[PDB]
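Please read the structure below before turning to the comments.
4 protein chains.
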Amino acid sequence: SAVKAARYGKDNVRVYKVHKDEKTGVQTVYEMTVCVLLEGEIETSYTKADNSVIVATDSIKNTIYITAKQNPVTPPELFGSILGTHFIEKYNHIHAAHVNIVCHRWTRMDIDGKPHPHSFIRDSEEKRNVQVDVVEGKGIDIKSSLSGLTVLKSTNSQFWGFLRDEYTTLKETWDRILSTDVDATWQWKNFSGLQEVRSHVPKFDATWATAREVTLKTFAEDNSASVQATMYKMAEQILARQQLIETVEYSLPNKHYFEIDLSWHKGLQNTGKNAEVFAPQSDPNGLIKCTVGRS
Amino acid sequence: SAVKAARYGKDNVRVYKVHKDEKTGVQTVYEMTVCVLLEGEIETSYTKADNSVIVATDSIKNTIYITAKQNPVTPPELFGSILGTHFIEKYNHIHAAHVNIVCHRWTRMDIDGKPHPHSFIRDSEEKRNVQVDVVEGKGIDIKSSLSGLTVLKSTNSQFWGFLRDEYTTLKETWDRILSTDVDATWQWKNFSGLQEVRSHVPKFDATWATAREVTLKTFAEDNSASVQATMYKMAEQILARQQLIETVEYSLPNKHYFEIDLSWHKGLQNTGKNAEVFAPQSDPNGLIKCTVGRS
Amino acid sequence: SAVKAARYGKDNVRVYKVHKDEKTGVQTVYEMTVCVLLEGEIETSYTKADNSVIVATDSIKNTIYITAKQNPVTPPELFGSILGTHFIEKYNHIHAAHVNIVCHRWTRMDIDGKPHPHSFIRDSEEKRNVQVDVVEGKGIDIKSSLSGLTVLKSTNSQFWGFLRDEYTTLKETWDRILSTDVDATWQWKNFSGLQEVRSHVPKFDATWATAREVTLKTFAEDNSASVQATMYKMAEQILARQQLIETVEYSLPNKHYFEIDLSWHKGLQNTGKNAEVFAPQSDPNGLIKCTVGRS
Amino acid sequence: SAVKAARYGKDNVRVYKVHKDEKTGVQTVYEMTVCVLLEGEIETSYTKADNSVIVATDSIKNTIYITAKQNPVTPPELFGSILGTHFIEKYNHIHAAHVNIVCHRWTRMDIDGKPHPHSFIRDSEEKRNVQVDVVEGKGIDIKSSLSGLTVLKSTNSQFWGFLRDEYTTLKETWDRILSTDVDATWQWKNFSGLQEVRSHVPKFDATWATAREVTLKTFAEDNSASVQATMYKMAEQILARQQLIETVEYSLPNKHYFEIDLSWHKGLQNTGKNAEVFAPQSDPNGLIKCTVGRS
Ligand code: NA
Ligand code: NA
Ligand code: NA
Ligand code: NA
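Chains as they are written, first to last, in the entry's author numbering: chain R, 1 to 295; chain B, 1 to 295; chain P, 1 to 295; chain U, 1 to 295.
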């Protein structure tokens, strides 16, 4: 046998960082979960019990905290690039570092209509994520995303005109509920290294904001012909607004809300135009994906 | 042997309801998860395979949907009282109905600074709950709560002066992070039946709002001596602002954020006043509870 | 306002212990999650920021580990009684200790038909639990349980003869799938203190084994008239076999498996006696409970 | 813009199937969760609201149940190949089907030492999985796996000799706990179509059994130099025992169990050779991966 691929490191590293403005008293907090996986000339740790090539995963953990102490942790695209670059430069035999960061929300509280200097609320489990691949000789590849954005519209979704054959029982509809959990990813042009990532730092938060804005507005305003058609509209606009993005990926479940026929009970009318009470379905769910790039 | 207690019913009943304003086009959605458990003269279903006393749990499910079709589902205190009252009045041998409702957030979206008529976002997993116990001959007992409200303050928490003996290693501190997931419950005076619950309908949403407001403001503004002292302040104010509440209960985890000593690395200073990077601890956690009532 | 009830402590304390037999080389492992909550003359920590009455929850944590170091952690009824007794005896102002223990499975591996001296597998998420309430002047109250025991029978469950009215749509059946997750609790006679708990130590593992055995055999062999009737049979036998148990509680979900009518497709017959493919339902679910005691 | 990739279908489809032996009364049950995602000439559903190219995901659901009714659901490699082949043959414009199946355990109960004909227990959350990619013109690519296999050894794990620099604090050890959740995948040689998959049907269950056996025995018997070295041993043996496998992948977390220094308390000795009580760490965790193929 032979090792064909190998990577190893530390997962689920929870990190908090606070910034304290000494002049204003305003504090700002950041919280993330980090994974770093290394690749390189490490195959002998697998085949020959040669631990000399292993940067201990506990040391990877230490390095995450030390890097957060010495560097900004925002935007996460930059933090991840700094972290990944560290491993490939520090260790001659480590040739790639794969950095995944999940950013958790801590939104400043408004108390009596005024922003509080040190109190925060988690307004949802929506995450902002990055996957940063730092590869010696091949620059830095960054995928940015939002996930866990849960939305519902109560009308202005339709689904008709689909293929009908002997496997088909679904009725066409011209008015249904549409609910999903948005997973949206934008893939940046390859960067040649940390300097180039730094040169674009303002674009990371601005593109996250654009993606979020475009997602919500397109979902709210498109009288949707299908999940497929709505998500493509989202992706085309994000590409039109940031030319340093090469592709946009969406992965969207269709979380079904079924009508409930109550006509067996006292002739109760609860379908079609009279539909008021629905049964949300936990499973199964449609799953719709696409990757859109530039023509 | 003998049956000492017995209750049965349907759990995890997901329910959605939409209201459509025909004049304005504005739609409003509600989503909940409901459990109804019945008690009564049902012991022979257990001891003698006498299913004649069983209102099938599938029929309990049907009844939840039918009740939601015919009645408002908000505030949940009212919906639960209507539902529970139905079972004890409909069925001579059913003497208590226990109704648990978890309300899920669907907050109207703001698109370009304007509220959207039919699009909603789940801004957090925070829940609004009720437990309604409808007992023949004993009225309706309602416990209202909020849960899953996750908060953090980055300073203005302290913990010193606690008992110190041979089991103690914790250092006193005058400045620490405090983070918790708030579970707060207010217990109403017994209501004599559905009419009395209806007579107080506006107080249910207003008291939920007060509890939420008081929780957030007290957490943000109290320079906390302990979780115990902060939560008692919250409970006293809620009791002062709604005299139809008899008790307030809080259950608060202390989700620890540990300092990380980095001085072993190049003399890095990351403790005490220099503490910037912390390690959030998934477990264990302090757990602090109290029930406060009127003197 | 006034404090009506208060308890506090440390939750989610994960504990592992190993026993090493020096002569045979055989090692045995135990893993649990522990919660200890204390009550007593602690109200001033809530009302007057008097932390002097607080045994720090970090010290409660230390005490759990120290107690596990110095004492057997099996059976958990004993460990919990030792732990709870410690707090009420050590601290004059602490008058009750509430100890919850969840025991995780580590079953010795069989390698080539022979038991391995130090290798273990988690054969399921089934738990063995205890709730031990140590109350000064009132002895030690122990509730023992098993939970997470997931079972299915593919026939020899029936459900007919239930109440039928205008809310009823369920069809009677004489042959259905029955699947549940068993939560079974046995409540011991009050013990006067640790000596009495110690005097009964062999009965704790033996009664857990009986409960488990009786549950599985009754589920497998009863041609069930209803969940209610089957669970009552289980509880009566456990009471008959351990006279130091005062009550037995079961809480059983009915995890439904729905038939799928495929006759719309090429006249496929998949219902009734031809039922082969089913759709397991994640929600809703029946929930059936009872507490059985001695006549 | 342009669609670069697109796939869509139905996820989280829960399926149960029973086989009833008419002669012996013995019933056997199977339960899985299925995802089917289709690719093909479907881009106009995204770009032009052309739903005519969409095989509705509800119809994909129907097709899963119909296929389970008409075909064996075991081994899952075969079921998945039948299912995927159906879509690419039935629909001219569908050119790939991606089938993921998670198989849930239902192990026959032993009641009084004898196998029960229709009663089953879920002995763990360990899963058996397949990923089957049916691609027109390119055959059928199958990845088989086991996941969720949770194990612990209490000694005969070591970790020393690793790189030590200014980021390193971990102490070398010659005796530690090793615990992991095994995710192991074996990748079959490409099959030219369903006939070739059928020709190998006995090898699917036998190779799953070998992988499981080899994993457990290697974990139990290797005095492990590192997770890397132990997992490579597992993968080499599986490749040696099934020549129709091209690669083996392992993904193994190192779930840490930390020693607890109790010497601050009455000189208690709980480290090194005296280590008896440990604190299992929920996070972070090492994560070690490798893909092994043939030299
Ligand atoms: Na390098
Ligand atoms: Na009644
Ligand atoms: Na005491
Ligand atoms: Na095709």
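Built from N, CA and C at the ideal position, the CB exists for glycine as well.
Check, Outcome
"Contact check, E221/B vs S1/P under 8 Å by CB: the rounded distance?", "Wrong, their Cβ atoms sit about 19 Å apart, outside the cutoff."
"Under a Cβ-count criterion, where at least 16 other Cβ atoms within 10 Å of its own Cβ denotes burial, should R294/B be classed as buried or exposed?", "exposed"
"For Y16/R, which residues from the same chain have a beta carbon less than 6 Å from its beta carbon, with the 5 sequence-adjacent residues on both sides left out?", "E31"
"Could you work out which residue in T180/P, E43/P, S119/P is closest to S282/P when comparing CA atoms only?", "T180/P"
"Where the beta carbon is closer than 7 Å to any heavy atom of ligand 3, which residues qualify, in chain order?", "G40/P, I88/P, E89/P, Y91/P, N92/P, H93/P, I94/P, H95/P, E136/P"
"Below 8 Å on the Cβ atoms is my guess for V151/P versus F219/P; work out the distance and round it to an integer in Å.", "6 Å"
"Counting only Cβ-Cβ distances shorter than 9 Å, please list the residues of the segment 273-286 of chain U near chain P, keeping chain order.", "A275, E276, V277, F278, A279, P280, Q281, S282"
"Where does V26/U sit, in a helix, a strand or coil, going by DSSP?", "coil"
"Report the neighbours of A220/R on chain B: residues whose CB is nearer than 7 Å to its CB, in chain order.", "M109, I111, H116, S119"
"How would you label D58/P, buried or exposed, when you count the other beta carbons within 10 angstroms and need 16 or more for buried?", "buried"
"Rounded C-beta distance between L78/B and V197/B? I'm assuming under 8 Å.", "6 Å"
"Helix or strand or just coil, what does DSSP make of residue 360/B?", "Here chain B comprises residues numbered 1 to 295, so residue 360/B is not present and cannot be evaluated."
"How big is the Cα-Cα spacing for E125/R and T169/B?", "35 Å"
"Considering only their Cβ atoms, is the gap separating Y46/P from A6/P smaller than 8 Å?", "yes"
"Suppose contacts are defined by Cβ-Cβ distances below 8 Å. Is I54/B in contact with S224/P by that definition?", "no"
"According to DSSP, is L194/U part of a helix, a strand, or is it coil?", "helix"
"How many Å lie between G25/U and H116/U at the Cα?", "10 Å"
"Residues in the segment 146-161 of chain B with C-beta within 9 Å of chain U's C-beta atoms, listed in sequence order?", "none"
"Please tell me whether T180/U has its Cβ less than 8 Å away from any Cβ of chain B.", "no"
"Counting only Cβ-Cβ distances shorter than 8 Å, please list the residues of the segment 176-209 of chain B near chain P, keeping chain order.", "none"
"Determine the direct distance from the alpha carbon of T215/R to that of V201/R, and round the result to whole angstroms.", "22 Å"
"Considering only C-alpha positions, which residue in the set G286/U, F258/U, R212/U, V248/U is nearest to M109/P?", "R212/U"
"So which residues of chain R does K17/B contact, with C-beta pairs closer than 9 Å?", "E276, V277, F278"
"I need the DSSP call for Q131/P, collapsed to helix, strand or coil.", "strand"
"Could you give the uninterrupted runs of the alpha helix (DSSP H) lying entirely in the segment 31-89 of chain B, keeping only those of 4 residues or more?", "43-47, 57-70"
"Assuming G9/P contacts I42/P (C-beta within less than 8 Å), just tell me the rounded distance between them.", "That pair is no contact at about 11 Å."
"At 8 Å on the CB atoms, spell out the chain B contacts of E166/U, in chain order.", "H265, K266"
"In the DSSP assignment, find the alpha helix (DSSP H) that holds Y232/B and state where it starts and stops.", "227-241"
"Can you check whether the C-beta of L38/R is within less than 8 Å of a C-beta belonging to chain U?", "no"
"In the DSSP assignment, what residue or residues form a beta bridge with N100/P?", "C35/P, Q131/P"
"What do you get for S144/P, buried or exposed, if any count of 16 or more other CB atoms within 10 angstroms of its CB means buried?", "buried"
"Closest Cβ-Cβ distance between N71/P and chain B: below 8 Å?", "no"
"With 8 Å as the threshold, decide whether the Cβ of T173/P is near any Cβ in chain R.", "no"
"Using CA coordinates, which residue listed in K273/P, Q269/P, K138/P, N156/P is at the minimum distance from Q70/U?", "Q269/P"
"Assuming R108/U is part of the beta strand (DSSP E), what are its boundary residues?", "107-111"
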